[PDB]
Amino acid sequence: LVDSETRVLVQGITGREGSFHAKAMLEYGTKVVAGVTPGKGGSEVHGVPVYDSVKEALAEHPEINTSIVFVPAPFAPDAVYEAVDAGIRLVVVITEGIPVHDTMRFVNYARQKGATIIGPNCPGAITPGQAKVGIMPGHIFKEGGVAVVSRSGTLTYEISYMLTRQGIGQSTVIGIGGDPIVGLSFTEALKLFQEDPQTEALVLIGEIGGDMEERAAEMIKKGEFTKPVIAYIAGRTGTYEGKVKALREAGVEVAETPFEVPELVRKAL
């Protein structure tokens, strides 16, 4: 979902986080072509042109295909609707603290319109060496063949870094969010990675709550994902126990500790 063709629009760019990450993404090599902040149109942040609306940004920059949201919770839902209605197909929502019902509403709307939501309450996505649409520091990642999908932001960093230190690079790393309801799920992520030629193995980082991990083991058991899967579930249906048992009966190598993931991956490779 994230590569050299990524053209990013940053919603909430004049803000503290929006401006900082717009700069960090640029320095990493991500093509950030514009930003939006109502009332700041005509301005500029770190060289990036600012527009009062997504519509105006797109008029002047039609190559935009991805948006990242750094807008406070009260305004995050609106930012998502504005992007989707403008035709943007991938919207990364970093924003934390959005009422669950509101997220349920804009995620369903996005699904209805053919848009993909990553988040909310997530660090975004990164394809080491190609592009970053998120908040993760690029130095802890490395270009490789292991996909990482995670509900936990901290574990995404810790586990990715561990893999990198062992010389085990990643294809695309996606933090799908830690809220009760998020957009892209483990099963959907697995579907994407199954068709990704750069991905040889996948690391699934879950935790208690929801049935997303259980549905992923379910789709794997059905043979919908045939590459090796190493998982880790924090919190040691919805229970830690139930998730582990479920993934294991699906043929997934579950790690007892995060420190065990690298070796589980090295062998599977």
# chains A, B, ... in the order shown; residues from 1 in each chain; ligands from 1

$ closest_atom_pairs --of "region 45-121 of chain A" --to "region 10-30 of chain A" --cutoff "8 Å" --atoms "only C-alpha atoms" --output "JSON lines"
{"residue": "A:45", "atom": "CA", "partner": "A:19", "partner_atom": "CA", "distance": 6.6}
{"residue": "A:46", "atom": "CA", "partner": "A:23", "partner_atom": "CA", "distance": 6.4}
{"residue": "A:50", "atom": "CA", "partner": "A:13", "partner_atom": "CA", "distance": 7.6}
{"residue": "A:54", "atom": "CA", "partner": "A:11", "partner_atom": "CA", "distance": 8.0}
{"residue": "A:67", "atom": "CA", "partner": "A:10", "partner_atom": "CA", "distance": 5.7}
{"residue": "A:68", "atom": "CA", "partner": "A:10", "partner_atom": "CA", "distance": 5.2}
{"residue": "A:69", "atom": "CA", "partner": "A:11", "partner_atom": "CA", "distance": 5.0}
{"residue": "A:70", "atom": "CA", "partner": "A:12", "partner_atom": "CA", "distance": 5.1}
{"residue": "A:71", "atom": "CA", "partner": "A:12", "partner_atom": "CA", "distance": 5.2}
{"residue": "A:79", "atom": "CA", "partner": "A:11", "partner_atom": "CA", "distance": 7.1}

$ residues_around --residues "residue 89 (chain A)" --least-positions-apart "2" --cutoff "12 Å" --atoms "only C-alpha atoms" --output "PyMOL selection string"
chain A and resi 1-2+6-9+63-68+80-87+91-92+110-118

$ select_by_dssp --residues "region 39-142 of chain A" --states "alpha helix (DSSP H)" --output "VMD selection string"
chain A and resid 54 to 60 76 to 85 100 to 113

$ write_last_selection --atoms "C-alpha atoms" --output "PDB file, in the first residue's frame"
ATOM      1  CA  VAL A  54      -8.540  18.630   0.523  1.00  0.00           C
ATOM      2  CA  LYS A  55     -10.486  19.584  -2.613  1.00  0.00           C
ATOM      3  CA  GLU A  56      -8.204  22.565  -3.296  1.00  0.00           C
ATOM      4  CA  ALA A  57      -5.068  20.526  -2.582  1.00  0.00           C
ATOM      5  CA  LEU A  58      -6.151  17.943  -5.177  1.00  0.00           C
ATOM      6  CA  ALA A  59      -7.008  20.580  -7.786  1.00  0.00           C
ATOM      7  CA  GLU A  60      -3.408  21.801  -7.642  1.00  0.00           C
ATOM      8  CA  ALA A  76     -10.505  13.728  12.974  1.00  0.00           C
ATOM      9  CA  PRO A  77     -13.775  12.192  11.717  1.00  0.00           C
ATOM     10  CA  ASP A  78     -14.483  15.206   9.501  1.00  0.00           C
ATOM     11  CA  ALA A  79     -10.941  15.045   8.120  1.00  0.00           C
ATOM     12  CA  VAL A  80     -11.549  11.413   7.189  1.00  0.00           C
ATOM     13  CA  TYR A  81     -14.835  12.208   5.418  1.00  0.00           C
ATOM     14  CA  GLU A  82     -13.256  15.090   3.523  1.00  0.00           C
ATOM     15  CA  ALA A  83     -10.443  12.824   2.220  1.00  0.00           C
ATOM     16  CA  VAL A  84     -12.657   9.879   1.257  1.00  0.00           C
ATOM     17  CA  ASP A  85     -15.204  12.156  -0.473  1.00  0.00           C
ATOM     18  CA  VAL A 100     -15.510   4.340  19.080  1.00  0.00           C
ATOM     19  CA  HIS A 101     -18.927   5.020  17.518  1.00  0.00           C
ATOM     20  CA  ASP A 102     -17.437   7.825  15.450  1.00  0.00           C
ATOM     21  CA  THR A 103     -14.681   5.528  14.179  1.00  0.00           C
ATOM     22  CA  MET A 104     -17.216   2.804  13.439  1.00  0.00           C
ATOM     23  CA  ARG A 105     -19.073   5.358  11.342  1.00  0.00           C
ATOM     24  CA  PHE A 106     -16.201   6.666   9.233  1.00  0.00           C
ATOM     25  CA  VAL A 107     -14.649   3.233   8.758  1.00  0.00           C
ATOM     26  CA  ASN A 108     -17.951   1.831   7.459  1.00  0.00           C
ATOM     27  CA  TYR A 109     -18.325   4.846   5.202  1.00  0.00           C
ATOM     28  CA  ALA A 110     -14.766   4.336   3.905  1.00  0.00           C
ATOM     29  CA  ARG A 111     -15.462   0.663   3.225  1.00  0.00           C
ATOM     30  CA  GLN A 112     -18.662   1.688   1.420  1.00  0.00           C
ATOM     31  CA  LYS A 113     -16.730   4.098  -0.819  1.00  0.00           C
TER      32      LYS A 113
END

$ atom_distance --atom1 "CA of residue 161 (chain A)" --atom2 "CA of residue 253 (chain A)"
19.7 Å

$ residues_around --residues "residue 241 (chain A)" --least-positions-apart "5" --cutoff "12 Å" --atoms "only C-alpha atoms" --output "VMD selection string"
chain A and resid 207 to 209 213 to 214 232 to 236 246 to 248 254 256
